[PDB]
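Chains as they are written, first to last, in this note's numbering: chain A, 1 to 51; chain B, 52 to 102.
Presented below is the structure to which this report refers.
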């Protein structure tokens, strides 16, 4: 996704005390948490040039 | 843009001390092994490639 290496680590260290060890799916995820609400996605559009 | 783990059990959660270390690894290019398919056809004949 667009979310950077700089700032995904800040969100997982604040909310779930991860970082410096393995990123995993955490045990206790709240309703207003980060990892159960984060939804990355991707599409592919053509070039749309002259032709 | 992917992030692959380290699955070898001896050095997957090891704690290092100071020192300078070399870390070599070999990756795959076989599209039948790298990729998955729903129908399960050959991906070498039906030409799929990863670079």
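Don't be surprised by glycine CBs; every beta carbon is placed ideally from N, CA and C.
Here the C-alpha atom of residue 33(A) lies approximately 10 Å from the C-alpha atom of residue 12(A). Under the three-state reduction of DSSP output, residue 11(A) falls in the helix class.
Comparing alpha carbon positions, the residue from 53(B), 60(B), 93(B) closest to residue 81(B) is 93(B).
Per the C-alpha coordinates, the member of 15(A), 43(A), 47(A) positioned closest to residue 1(A) is 43(A). For residue 83(B), the uninterrupted alpha helix (DSSP H) run begins and ends at 82-85, by DSSP.
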